Amino acid sequence: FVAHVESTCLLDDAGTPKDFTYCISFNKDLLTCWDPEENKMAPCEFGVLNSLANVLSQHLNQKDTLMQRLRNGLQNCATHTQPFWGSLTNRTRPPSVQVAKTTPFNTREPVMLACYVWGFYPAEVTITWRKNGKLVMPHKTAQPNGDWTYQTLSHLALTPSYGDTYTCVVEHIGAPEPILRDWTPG
Amino acid sequence: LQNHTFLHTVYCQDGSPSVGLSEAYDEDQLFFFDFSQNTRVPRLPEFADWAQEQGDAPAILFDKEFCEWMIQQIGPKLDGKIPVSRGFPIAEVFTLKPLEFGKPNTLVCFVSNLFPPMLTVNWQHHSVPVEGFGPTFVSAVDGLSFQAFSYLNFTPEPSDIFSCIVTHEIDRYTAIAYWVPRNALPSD
Amino acid sequence: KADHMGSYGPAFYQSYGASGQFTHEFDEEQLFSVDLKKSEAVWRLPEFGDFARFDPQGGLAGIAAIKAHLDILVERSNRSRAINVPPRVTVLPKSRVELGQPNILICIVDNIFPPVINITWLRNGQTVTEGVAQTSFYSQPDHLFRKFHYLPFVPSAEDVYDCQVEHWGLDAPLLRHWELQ
Amino acid sequence: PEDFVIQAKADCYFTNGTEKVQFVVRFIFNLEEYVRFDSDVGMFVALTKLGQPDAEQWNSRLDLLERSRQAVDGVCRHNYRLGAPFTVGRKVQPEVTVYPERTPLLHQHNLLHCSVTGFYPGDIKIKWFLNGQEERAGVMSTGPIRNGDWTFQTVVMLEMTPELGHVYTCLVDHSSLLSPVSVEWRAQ
Ligand SMILES: *[C@@H]1O[C@H](CO)[C@@H](O)[C@H](O)[C@H]1NC(C)=O
Ligand SMILES: *[C@@H]1O[C@H](CO)[C@@H](O)[C@H](O)[C@H]1NC(C)=O
Ligand SMILES: *[C@@H]1O[C@H](CO)[C@@H](O)[C@H](O)[C@H]1NC(C)=O
């Protein structure tokens with residue numbers, strides 16, 4: 001048996017709290033969440049465990065210190081996060097970008113390119129393709145590495161013609177200028 | 001002015017660890033709590049400074065004690081009346097940087113659908129044990145589930161095959177994930 | 001004929017080993033499953049662990065309710081025991097097998113009845129337990145059961161694999177062979 | 001070996017979304033379906049000698065009838081609506097590969113496989129083409145095969161002799177795809 005009490009604060013870049021929720025779970029079942037409009041715990045579960053969800057709400061509702069805590073909860077978030085929240089919203093790591101061929105898939109094309117993109121944060125990134133400097137349509141969300149960096153890739157299937165130059169165009173805030181990687185058959 | 005999520009998740013369970021606390025900014029983990037030492041442990045060195053902050057010492061204690069209460073008093077009652085929710089964990093292994101032979105790299109073992117949060121992770125090279133660099137970082141996610149990350153430093157070579165072996169410590173269920181060189185990049 | 005068929009509570013209890021099960025299925029595929037004596041509820045895929053949407057916990061009670069009814073049907077039928085049907089075993093890889101490219105072997109067992117069975121992976125005659133995954137009993141319209149076992153591996157031309165199943169419907173343990181070319 | 005098995009199935013059949021819905025509870029002793037409740041009939045009905053007592057008795061219980069008469073709405077429609085996004089709305093791409101058996105030699109008969117794996121739902125259309133003309137003849141399917149993990153797999157084999165100047169294309173169309181997938185074969 002596993003139980004949770006999940007406090008979750010939602011704040012913008014500025015540090016101004018926009019939402020706050022406090023929820024209680026048992027056996028991966030969300031039982032009751034704080035209801036500010038009601039200034040008390042209210043069961044979110046109306047099923048097999050509903051009975052319990054009520055019970056837990058009351059045991060918590062007769063608690064007094066908790067009630068003030070949660071009524072001022074939205075503040076706690078801003079107060080608790082204050083020191084680092086600016087550093088996190090300012091945190092960005094530059095993406096590395098490497099382009100090479102890869103085994104094709106779901107295509108009649110003989111060649112498949114891969115644009116690799118790693119070591120970047122935050123995860124918001126954009127990848128497009130150029131063929132001799134002109135947009136083309138590619139053949140996803142970044143994979144977190146657990147260490148506050150992300151990786152992703154884009155693909156492009158094609159037929160080689162010696163002269164043609166294919167380009168991967170990455171854009172990411174953790175980098176100052178757009179990153180371009182080229183590739184030619186030859 | 002986009003929004004960001006700060007997640008404060010206290011969880012406790014039958015067996016070890018009997019309790020745990022995970023904070024996270026967006027998806028990624030900032031701190032996990034060491035209760036025997038009674039303090040926040042930073043995921044990365046750069047978070048060290050704010051691990052000391054003790055504004056909420058009481059709030060945390062309250063939750064811990066309550067969460068624990070739920071497990072101890074409720075649960076022996078539901079024991080057998082209600083089925084203990086569990087998932088079978090999923091492991092996948094990938095390189096941190098693009099594969100280039102003879103160039104140092106790092107295998108990441110990403111465990112997902114982990115529930116309950118009770119595991120150990122072990123690496124193997126051609127089916128031979130190998131000491132993994134660093135600890136194993138468990139972390140709660142949205143949905144009341146968990147995930148974990150473990151890393152291994154290595155220098156990839158053509159013939160290599162690696163495996164990551166996860167042991168879900170309730171009933172010691174094993175879940176594996178193989179890795180091999182696939183579409184390596186030329187060096188330039 | 002129908003566009004889709006959901007089945008919410010294909011469940012069973014059997015006297016032998018006092019085992020039982022409660023599941024939800026959609027289009028012959030399983031969402032979650034409750035096992036009686038394990039007292040566990042397991043969702044086949046992560047997305048089915050929502051609990052809003054896909055709440056188990058009704059299981060056990062479902063198993064309880066259906067078990068209640070057994071003893072009487074047993075005597076009402078003049079103790080008509082269950083017959084032992086032979087299961088048919090199949091083995092094949094999940095995706096295309098390329099030498100050295102990691103993959104998963106799948107043992108598939110149909111027409112299992114009664115639902116009391118042993119299934120085991122063998123590598124070169126050696127039994128394999130580390131990293132194997134298996135389903136609970138899936139359901140068949142004819143009211144037999146299916147079962148899936150999974151074994152991740154790295155294809156090499158140096159070893160073979162057998163999926164050996166043991167059932168009362170068999171004269172002796174049969175094993176289904178697989179090896180790459 | 002003496003064993004007894006009882007089963008129950010609460011089947012729901014949907015067409016045109018939720019428009020038409022038939023709820024069918026089935027009670028099984030071993031393999032004998034001894035009684036069932038069909039929504040379209042409104043009553044329990046004994047199917048075999050074994051079910052006569054229960055059939056008559058349960059029909060006498062009005063609380064039960066009404067309860068299981070709303071099951072259409074309260075069970076089938078209820079769950080359908082809940083699962084839709086992850087069941088009916090589930091769509092997963094196939095992985096298409098084309099390869100020959102017995103390494104291809106000119107003028108000698110061979111089979112080339114179009115392996116299509118990891119896709120869902122199982123309903124799929126797979127065709128062979130030789131120099132743009134849909135080659136139907138010498139074609140062998142396995143039909144959709146369940147992997148037991150919400151994915152199907154199929155292989156469609158075409159009989160042919162590799163003569164030069166022939167290019168073979170397997171053309172796969174599927175709900176998950178916004179445009180059919182084509183894979184080609186060479187030969188030499
Ligand atoms: C941020 O969150 C608040 C509260 O959830 C919401 O009203 C607001 O629209 C959100 N802003 C953005 C940019 O998502
Ligand atoms: C399964 O294997 C175990 C150990 O060999 C044995 O006790 C049992 O009889 C087997 N079950 C069947 C159905 O053969
Ligand atoms: C299908 O459902 C839609 C919307 O409920 C309705 O327009 C139509 O009558 C139905 N069609 C059939 C063939 O039942």
# chains A, B, ... in the order shown; residues from 1 in each chain; ligands from 1
$ select_by_dssp --residues "range 53-140 of chain D" --states "helix (DSSP H, G or I)" --output "JSON list (two decimals) with N, CA, C and O atoms, in the first residue's frame"
[["chain", "number", "residue", "atom", "x", "y", "z"],
["D", 53, "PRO", "N", -32.80, -23.11, -12.34],
["D", 53, "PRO", "CA", -33.12, -22.57, -11.02],
["D", 53, "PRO", "C", -32.75, -21.09, -10.90],
["D", 53, "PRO", "O", -33.61, -20.27, -10.58],
["D", 54, "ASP", "N", -31.49, -20.77, -11.15],
["D", 54, "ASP", "CA", -31.02, -19.40, -11.09],
["D", 54, "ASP", "C", -31.85, -18.49, -11.99],
["D", 54, "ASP", "O", -32.30, -17.43, -11.57],
["D", 55, "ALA", "N", -32.05, -18.92, -13.23],
["D", 55, "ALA", "CA", -32.82, -18.16, -14.20],
["D", 55, "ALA", "C", -34.16, -17.70, -13.63],
["D", 55, "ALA", "O", -34.48, -16.51, -13.65],
["D", 56, "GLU", "N", -34.94, -18.65, -13.12],
["D", 56, "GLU", "CA", -36.26, -18.34, -12.58],
["D", 56, "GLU", "C", -36.14, -17.46, -11.34],
["D", 56, "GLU", "O", -36.86, -16.47, -11.20],
["D", 57, "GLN", "N", -35.22, -17.82, -10.45],
["D", 57, "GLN", "CA", -35.06, -17.10, -9.18],
["D", 57, "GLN", "C", -34.68, -15.64, -9.39],
["D", 57, "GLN", "O", -35.29, -14.75, -8.80],
["D", 58, "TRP", "N", -33.67, -15.40, -10.22],
["D", 58, "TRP", "CA", -33.12, -14.05, -10.38],
["D", 58, "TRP", "C", -34.12, -13.13, -11.07],
["D", 58, "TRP", "O", -34.12, -11.92, -10.84],
["D", 59, "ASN", "N", -34.97, -13.70, -11.92],
["D", 59, "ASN", "CA", -36.04, -12.94, -12.55],
["D", 59, "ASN", "C", -37.10, -12.51, -11.53],
["D", 59, "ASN", "O", -37.79, -11.51, -11.73],
["D", 60, "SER", "N", -37.21, -13.26, -10.44],
["D", 60, "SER", "CA", -38.15, -12.93, -9.37],
["D", 60, "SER", "C", -37.70, -11.71, -8.57],
["D", 60, "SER", "O", -38.50, -11.05, -7.92],
["D", 62, "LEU", "N", -36.76, -8.14, -8.47],
["D", 62, "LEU", "CA", -36.98, -6.98, -9.32],
["D", 62, "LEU", "C", -35.88, -5.94, -9.16],
["D", 62, "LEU", "O", -35.48, -5.30, -10.13],
["D", 63, "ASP", "N", -35.39, -5.77, -7.94],
["D", 63, "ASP", "CA", -34.28, -4.86, -7.69],
["D", 63, "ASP", "C", -33.11, -5.19, -8.62],
["D", 63, "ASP", "O", -32.45, -4.30, -9.14],
["D", 64, "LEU", "N", -32.89, -6.48, -8.83],
["D", 64, "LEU", "CA", -31.77, -6.96, -9.63],
["D", 64, "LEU", "C", -31.99, -6.67, -11.12],
["D", 64, "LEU", "O", -31.12, -6.11, -11.78],
["D", 65, "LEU", "N", -33.15, -7.07, -11.63],
["D", 65, "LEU", "CA", -33.50, -6.81, -13.03],
["D", 65, "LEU", "C", -33.25, -5.35, -13.41],
["D", 65, "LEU", "O", -32.47, -5.06, -14.32],
["D", 66, "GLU", "N", -33.90, -4.43, -12.70],
["D", 66, "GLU", "CA", -33.79, -3.01, -13.01],
["D", 66, "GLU", "C", -32.32, -2.58, -12.98],
["D", 66, "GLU", "O", -31.85, -1.89, -13.88],
["D", 67, "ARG", "N", -31.61, -2.98, -11.93],
["D", 67, "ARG", "CA", -30.20, -2.66, -11.78],
["D", 67, "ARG", "C", -29.41, -3.09, -13.01],
["D", 67, "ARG", "O", -28.65, -2.31, -13.58],
["D", 68, "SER", "N", -29.59, -4.35, -13.41],
["D", 68, "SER", "CA", -28.90, -4.89, -14.58],
["D", 68, "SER", "C", -29.54, -4.47, -15.91],
["D", 68, "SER", "O", -29.04, -4.83, -16.98],
["D", 69, "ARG", "N", -30.64, -3.73, -15.86],
["D", 69, "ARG", "CA", -31.26, -3.21, -17.07],
["D", 69, "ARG", "C", -30.70, -1.84, -17.43],
["D", 69, "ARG", "O", -30.69, -1.45, -18.60],
["D", 70, "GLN", "N", -30.22, -1.12, -16.42],
["D", 70, "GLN", "CA", -29.56, 0.16, -16.63],
["D", 70, "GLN", "C", -28.08, -0.04, -16.92],
["D", 70, "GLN", "O", -27.40, 0.88, -17.37],
["D", 71, "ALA", "N", -27.59, -1.25, -16.66],
["D", 71, "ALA", "CA", -26.19, -1.58, -16.89],
["D", 71, "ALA", "C", -25.71, -1.08, -18.24],
["D", 71, "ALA", "O", -24.56, -0.67, -18.39],
["D", 72, "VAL", "N", -26.59, -1.13, -19.24],
["D", 72, "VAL", "CA", -26.29, -0.58, -20.55],
["D", 72, "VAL", "C", -25.68, 0.81, -20.38],
["D", 72, "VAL", "O", -24.56, 1.07, -20.82],
["D", 73, "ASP", "N", -26.43, 1.70, -19.75],
["D", 73, "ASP", "CA", -25.96, 3.05, -19.46],
["D", 73, "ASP", "C", -24.90, 3.04, -18.36],
["D", 73, "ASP", "O", -23.79, 3.53, -18.55],
["D", 74, "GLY", "N", -25.26, 2.49, -17.20],
["D", 74, "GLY", "CA", -24.43, 2.59, -16.02],
["D", 74, "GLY", "C", -23.11, 1.83, -16.08],
["D", 74, "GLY", "O", -22.20, 2.12, -15.31],
["D", 75, "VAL", "N", -23.00, 0.87, -17.00],
["D", 75, "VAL", "CA", -21.78, 0.07, -17.11],
["D", 75, "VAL", "C", -21.09, 0.23, -18.46],
["D", 75, "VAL", "O", -19.95, 0.67, -18.52],
["D", 76, "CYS", "N", -21.79, -0.12, -19.53],
["D", 76, "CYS", "CA", -21.20, -0.11, -20.86],
["D", 76, "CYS", "C", -20.86, 1.31, -21.30],
["D", 76, "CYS", "O", -19.70, 1.64, -21.53],
["D", 77, "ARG", "N", -21.88, 2.15, -21.43],
["D", 77, "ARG", "CA", -21.68, 3.52, -21.86],
["D", 77, "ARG", "C", -20.75, 4.26, -20.91],
["D", 77, "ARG", "O", -19.89, 5.02, -21.34],
["D", 78, "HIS", "N", -20.92, 4.01, -19.62],
["D", 78, "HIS", "CA", -20.10, 4.67, -18.60],
["D", 78, "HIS", "C", -18.61, 4.42, -18.85],
["D", 78, "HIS", "O", -17.83, 5.36, -18.95],
["D", 79, "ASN", "N", -18.23, 3.15, -18.95],
["D", 79, "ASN", "CA", -16.84, 2.78, -19.14],
["D", 79, "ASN", "C", -16.31, 3.15, -20.52],
["D", 79, "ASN", "O", -15.20, 3.66, -20.65],
["D", 80, "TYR", "N", -17.11, 2.89, -21.55],
["D", 80, "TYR", "CA", -16.75, 3.29, -22.91],
["D", 80, "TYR", "C", -16.30, 4.74, -22.91],
["D", 80, "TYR", "O", -15.19, 5.06, -23.35],
["D", 81, "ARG", "N", -17.16, 5.63, -22.42],
["D", 81, "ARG", "CA", -16.87, 7.06, -22.38],
["D", 81, "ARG", "C", -15.58, 7.35, -21.62],
["D", 81, "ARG", "O", -14.84, 8.27, -21.98],
["D", 82, "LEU", "N", -15.31, 6.57, -20.58],
["D", 82, "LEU", "CA", -14.12, 6.76, -19.76],
["D", 82, "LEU", "C", -12.84, 6.31, -20.47],
["D", 82, "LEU", "O", -11.81, 6.99, -20.41],
["D", 83, "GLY", "N", -12.90, 5.17, -21.14],
["D", 83, "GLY", "CA", -11.73, 4.59, -21.77],
["D", 83, "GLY", "C", -11.42, 5.12, -23.16],
["D", 83, "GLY", "O", -10.28, 5.03, -23.62],
["D", 84, "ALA", "N", -12.43, 5.67, -23.82],
["D", 84, "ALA", "CA", -12.32, 6.05, -25.23],
["D", 84, "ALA", "C", -10.93, 6.55, -25.64],
["D", 84, "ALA", "O", -10.31, 5.98, -26.53],
["D", 85, "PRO", "N", -10.44, 7.62, -24.99],
["D", 85, "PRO", "CA", -9.15, 8.18, -25.41],
["D", 85, "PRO", "C", -8.03, 7.15, -25.48],
["D", 85, "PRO", "O", -7.14, 7.29, -26.32],
["D", 86, "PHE", "N", -8.04, 6.14, -24.61],
["D", 86, "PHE", "CA", -6.95, 5.17, -24.57],
["D", 86, "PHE", "C", -7.30, 3.80, -25.18],
["D", 86, "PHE", "O", -6.50, 2.87, -25.12]]
$ residues_near_ligand --ligand "ligand 2" --cutoff "7 Å" --atoms "only C-alpha atoms and all ligand atoms" --output "compact mmCIF listing (two decimals) with C-alpha atoms, in the first residue's frame"
# COMPACT_ATOMS: atom_id res chain seq x y z
CA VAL C 116 -3.79 -24.08 -14.23
CA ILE C 117 -0.55 -24.03 -16.17
CA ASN C 118 3.24 -23.75 -16.08
CA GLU C 166 2.99 -27.93 -18.76
CA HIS C 167 -0.71 -28.65 -18.57
CA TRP C 168 -2.93 -31.50 -17.37
$ residues_near_ligand --ligand "ligand 1" --cutoff "6 Å" --atoms "only C-alpha atoms and all ligand atoms" --output "PyMOL selection string"
(chain A and resi 18-19) or (chain B and resi 1-3)
$ write_last_selection --atoms "C-alpha atoms" --output "CSV table (one decimal), in the first residue's frame"
chain,number,residue,atom,x,y,z
A,18,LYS,CA,-1.4,31.3,-9.9
A,19,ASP,CA,-2.6,28.1,-8.4
B,1,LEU,CA,4.3,34.9,-19.0
B,2,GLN,CA,4.2,31.1,-19.0
B,3,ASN,CA,3.5,28.9,-16.0
$ residues_near_ligand --ligand "ligand 3" --cutoff "7 Å" --atoms "only C-alpha atoms and all ligand atoms" --output "number ranges by chain"
D: 16-17, 19
$ write_last_selection --atoms "C-alpha atoms" --output "mmCIF file, in the first residue's frame"
data_model
loop_
_atom_site.group_PDB
_atom_site.id
_atom_site.type_symbol
_atom_site.label_atom_id
_atom_site.label_comp_id
_atom_site.auth_asym_id
_atom_site.auth_seq_id
_atom_site.Cartn_x
_atom_site.Cartn_y
_atom_site.Cartn_z
ATOM 1 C CA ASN D 16 -21.850 3.448 -34.360
ATOM 2 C CA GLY D 17 -20.141 4.707 -31.211
ATOM 3 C CA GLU D 19 -25.782 4.711 -30.514
#
$ closest_residue --among "A:126, A:32, A:143, A:87" --to "residue 93 in chain B" --atoms "only C-alpha atoms"
A:143
$ interface_residues --of "chain C" --to "chain D" --cutoff "6 Å" --atoms "only C-alpha atoms" --output "PyMOL selection string"
chain C and resi 2-16+53+81-82+95+143
$ atom_distance --atom1 "CA of residue 39 in chain A" --atom2 "CA of residue 51 in chain A"
20.6 Å
$ closest_residue --among "D:133, D:160, D:183, D:37" --to "residue 109 in chain D" --atoms "only C-alpha atoms"
D:160
$ atom_distance --atom1 "CA of residue 157 in chain C" --atom2 "CA of residue 183 in chain B"
21.2 Å
$ closest_residue --among "C:72, C:128, C:91, C:112" --to "chain B" --atoms "only C-alpha atoms"
C:128
$ select_by_dssp --residues "range 19-99 of chain C" --states "strand (DSSP E)" --output "JSON, numbers by chain"
{"C": [19, 20, 21, 22, 23, 24, 25, 26, 29, 30, 31, 32, 33, 34, 35, 40, 41, 42, 43, 88, 89, 90, 91, 92, 93]}
$ write_last_selection --atoms "C-alpha atoms" --output "mmCIF file, in the first residue's frame"
data_model
loop_
_atom_site.group_PDB
_atom_site.id
_atom_site.type_symbol
_atom_site.label_atom_id
_atom_site.label_comp_id
_atom_site.auth_asym_id
_atom_site.auth_seq_id
_atom_site.Cartn_x
_atom_site.Cartn_y
_atom_site.Cartn_z
ATOM 1 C CA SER C 19 -7.315 -19.163 -7.407
ATOM 2 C CA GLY C 20 -9.402 -16.509 -9.117
ATOM 3 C CA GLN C 21 -9.249 -13.376 -11.225
ATOM 4 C CA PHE C 22 -11.120 -10.191 -12.127
ATOM 5 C CA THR C 23 -10.345 -8.170 -15.247
ATOM 6 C CA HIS C 24 -11.638 -5.531 -17.625
ATOM 7 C CA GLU C 25 -11.107 -6.075 -21.347
ATOM 8 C CA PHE C 26 -11.727 -4.081 -24.507
ATOM 9 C CA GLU C 29 -7.198 -6.809 -25.021
ATOM 10 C CA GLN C 30 -6.837 -6.353 -21.267
ATOM 11 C CA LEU C 31 -6.864 -3.053 -19.359
ATOM 12 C CA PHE C 32 -6.081 -4.324 -15.874
ATOM 13 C CA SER C 33 -6.304 -7.493 -13.792
ATOM 14 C CA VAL C 34 -6.812 -8.495 -10.178
ATOM 15 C CA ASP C 35 -5.350 -11.758 -8.894
ATOM 16 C CA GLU C 40 -2.790 -7.272 -6.484
ATOM 17 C CA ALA C 41 -4.400 -5.095 -9.133
ATOM 18 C CA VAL C 42 -2.194 -4.599 -12.195
ATOM 19 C CA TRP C 43 -2.780 -2.363 -15.210
ATOM 20 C CA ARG C 88 -1.703 -24.957 -28.460
ATOM 21 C CA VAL C 89 1.623 -23.176 -28.098
ATOM 22 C CA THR C 90 3.126 -20.638 -30.493
ATOM 23 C CA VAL C 91 6.416 -18.723 -30.413
ATOM 24 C CA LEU C 92 7.642 -15.754 -32.453
ATOM 25 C CA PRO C 93 9.599 -12.479 -32.125
#
$ atom_distance --atom1 "CA of residue 85 in chain B" --atom2 "CA of residue 119 in chain C"
24.7 Å
$ residues_around --residues "residue 127 in chain D" --least-positions-apart "4" --cutoff "9 Å" --atoms "only C-alpha atoms" --output "compact mmCIF listing (two decimals) with N, CA, C and O atoms, in the first residue's frame"
# COMPACT_ATOMS: atom_id res chain seq x y z
N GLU D 134 -0.41 -3.37 -58.90
CA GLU D 134 -0.71 -4.12 -57.68
C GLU D 134 -0.71 -5.62 -57.93
O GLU D 134 -1.65 -6.16 -58.52
N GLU D 135 0.34 -6.29 -57.47
CA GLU D 135 0.47 -7.72 -57.67
C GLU D 135 -0.35 -8.45 -56.61
O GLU D 135 0.06 -8.58 -55.46
N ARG D 136 -1.53 -8.93 -57.02
CA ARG D 136 -2.34 -9.80 -56.18
C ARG D 136 -2.39 -11.19 -56.81
O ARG D 136 -3.04 -11.39 -57.84
N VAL D 139 0.17 -14.38 -52.93
CA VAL D 139 0.21 -13.60 -51.70
C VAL D 139 -0.34 -14.37 -50.52
O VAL D 139 -1.42 -14.96 -50.59
N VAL D 156 3.11 -10.29 -44.68
CA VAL D 156 2.51 -10.63 -45.95
C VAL D 156 3.61 -11.02 -46.93
O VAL D 156 4.44 -10.19 -47.30
N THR D 169 7.20 -3.20 -54.07
CA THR D 169 6.79 -2.26 -53.03
C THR D 169 5.65 -2.81 -52.18
O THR D 169 4.62 -3.24 -52.70
N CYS D 170 5.86 -2.82 -50.87
CA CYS D 170 4.80 -3.17 -49.94
C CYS D 170 4.14 -1.87 -49.49
O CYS D 170 4.82 -0.94 -49.04
N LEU D 171 2.82 -1.80 -49.63
CA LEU D 171 2.07 -0.59 -49.32
C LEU D 171 1.11 -0.81 -48.16
O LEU D 171 0.13 -1.54 -48.28
N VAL D 172 1.39 -0.16 -47.03
CA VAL D 172 0.60 -0.34 -45.82
C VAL D 172 -0.22 0.91 -45.50
O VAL D 172 0.30 2.02 -45.47
N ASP D 173 -1.52 0.71 -45.26
CA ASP D 173 -2.41 1.80 -44.89
C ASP D 173 -3.07 1.47 -43.56
O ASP D 173 -3.47 0.33 -43.33
$ interface_residues --of "chain A" --to "chain D" --cutoff "7 Å" --atoms "only C-alpha atoms" --output "number ranges by chain"
A: 105-108
$ write_last_selection --atoms "C-alpha atoms" --output "short mmCIF file (atom, residue, chain, number, x, y, z; two decimals), in the first residue's frame"
data_model
loop_
_atom_site.label_atom_id
_atom_site.label_comp_id
_atom_site.auth_asym_id
_atom_site.auth_seq_id
_atom_site.Cartn_x
_atom_site.Cartn_y
_atom_site.Cartn_z
CA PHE A 105 12.29 3.08 -41.99
CA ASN A 106 8.73 3.26 -43.32
CA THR A 107 10.00 4.81 -46.56
CA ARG A 108 10.80 3.95 -50.17
#
$ interface_residues --of "chain C" --to "chain B" --cutoff "9 Å" --atoms "only C-alpha atoms" --output "tab-separated table (two decimals) with N, CA and C atoms, in the first residue's frame"
chain	number	residue	atom	x	y	z
C	34	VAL	N	-6.97	-8.23	-11.60
C	34	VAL	CA	-6.81	-8.50	-10.18
C	34	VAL	C	-6.61	-9.99	-9.98
C	35	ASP	N	-5.57	-10.36	-9.24
C	35	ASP	CA	-5.35	-11.76	-8.89
C	35	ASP	C	-5.77	-11.96	-7.45
C	36	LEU	N	-6.47	-13.06	-7.19
C	36	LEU	CA	-7.05	-13.30	-5.88
C	36	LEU	C	-6.01	-13.40	-4.76
C	37	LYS	N	-5.16	-14.42	-4.81
C	37	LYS	CA	-4.25	-14.69	-3.70
C	37	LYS	C	-3.06	-13.74	-3.65
C	38	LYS	N	-2.70	-13.15	-4.78
C	38	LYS	CA	-1.71	-12.08	-4.77
C	38	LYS	C	-2.33	-10.82	-4.17
C	39	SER	N	-3.65	-10.69	-4.32
C	39	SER	CA	-4.37	-9.52	-3.86
C	39	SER	C	-3.80	-8.26	-4.49
C	40	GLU	N	-3.34	-8.39	-5.73
C	40	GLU	CA	-2.79	-7.27	-6.48
C	40	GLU	C	-3.76	-6.86	-7.58
C	41	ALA	N	-3.71	-5.58	-7.95
C	41	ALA	CA	-4.40	-5.09	-9.13
C	41	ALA	C	-3.35	-4.49	-10.06
C	42	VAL	N	-3.22	-5.05	-11.26
C	42	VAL	CA	-2.19	-4.60	-12.20
C	42	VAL	C	-2.78	-4.13	-13.52
C	43	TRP	N	-2.37	-2.93	-13.93
C	43	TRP	CA	-2.78	-2.36	-15.21
C	43	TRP	C	-1.80	-2.77	-16.32
C	44	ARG	N	-2.32	-3.29	-17.43
C	44	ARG	CA	-1.46	-3.81	-18.50
C	44	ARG	C	-0.49	-2.75	-19.00
C	45	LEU	N	-1.00	-1.54	-19.15
C	45	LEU	CA	-0.19	-0.45	-19.68
C	45	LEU	C	-0.35	0.78	-18.80
C	46	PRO	N	0.72	1.57	-18.66
C	46	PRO	CA	0.76	2.72	-17.75
C	46	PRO	C	-0.48	3.61	-17.83
C	49	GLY	N	-3.46	3.18	-15.49
C	49	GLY	CA	-3.27	3.30	-14.05
C	49	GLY	C	-3.89	4.56	-13.48
C	50	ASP	N	-4.81	5.16	-14.24
C	50	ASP	CA	-5.40	6.44	-13.87
C	50	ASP	C	-6.29	6.34	-12.63
C	56	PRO	N	-9.79	-0.41	-10.62
C	56	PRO	CA	-10.03	-1.77	-10.15
C	56	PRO	C	-10.60	-1.70	-8.74
C	57	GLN	N	-10.13	-2.51	-7.79
C	57	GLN	CA	-10.59	-2.42	-6.40
C	57	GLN	C	-11.98	-3.01	-6.23
C	58	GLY	N	-12.78	-2.97	-7.29
C	58	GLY	CA	-14.03	-3.70	-7.33
C	58	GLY	C	-13.73	-5.18	-7.33
C	59	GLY	N	-12.65	-5.56	-8.01
C	59	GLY	CA	-12.18	-6.93	-7.99
C	59	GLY	C	-12.04	-7.40	-6.56
C	60	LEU	N	-11.74	-8.68	-6.37
C	60	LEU	CA	-11.78	-9.29	-5.05
C	60	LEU	C	-13.23	-9.44	-4.60
C	61	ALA	N	-13.97	-8.33	-4.62
C	61	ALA	CA	-15.41	-8.37	-4.37
C	61	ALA	C	-16.12	-9.10	-5.49
C	100	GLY	N	21.99	-9.48	-33.65
C	100	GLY	CA	22.57	-8.48	-32.77
C	100	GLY	C	21.63	-7.38	-32.31
C	101	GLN	N	20.51	-7.18	-33.01
C	101	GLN	CA	19.54	-6.16	-32.62
C	101	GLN	C	18.60	-6.72	-31.55
C	102	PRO	N	18.59	-6.11	-30.35
C	102	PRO	CA	17.78	-6.64	-29.25
C	102	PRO	C	16.30	-6.72	-29.63
C	103	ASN	N	15.62	-7.71	-29.08
C	103	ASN	CA	14.25	-8.00	-29.46
C	103	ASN	C	13.55	-8.76	-28.33
C	129	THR	N	14.58	-16.96	-15.84
C	129	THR	CA	13.60	-16.26	-15.02
C	129	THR	C	13.88	-14.76	-14.91
C	130	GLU	N	15.13	-14.37	-15.12
C	130	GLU	CA	15.51	-12.97	-14.97
C	130	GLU	C	15.06	-12.15	-16.18
C	131	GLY	N	14.15	-11.21	-15.93
C	131	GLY	CA	13.68	-10.29	-16.96
C	131	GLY	C	12.51	-10.80	-17.78
C	132	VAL	N	11.88	-11.88	-17.34
C	132	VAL	CA	10.71	-12.39	-18.04
C	132	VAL	C	9.44	-11.74	-17.52
C	133	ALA	N	8.48	-11.54	-18.41
C	133	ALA	CA	7.21	-10.93	-18.04
C	133	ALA	C	6.08	-11.77	-18.61
C	152	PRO	N	12.94	-10.77	-23.31
C	152	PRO	CA	13.88	-9.93	-24.08
C	152	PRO	C	15.21	-10.65	-24.28
C	153	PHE	N	15.82	-10.46	-25.44
C	153	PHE	CA	17.04	-11.18	-25.77
C	153	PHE	C	17.80	-10.47	-26.88
C	154	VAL	N	19.06	-10.86	-27.07
C	154	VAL	CA	19.86	-10.34	-28.17
C	154	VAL	C	20.12	-11.48	-29.15
$ interface_residues --of "chain A" --to "chain B" --cutoff "7 Å" --atoms "only C-alpha atoms" --output "PyMOL selection string"
chain A and resi 1-13+27-28+80+100+102-103+118+146+148
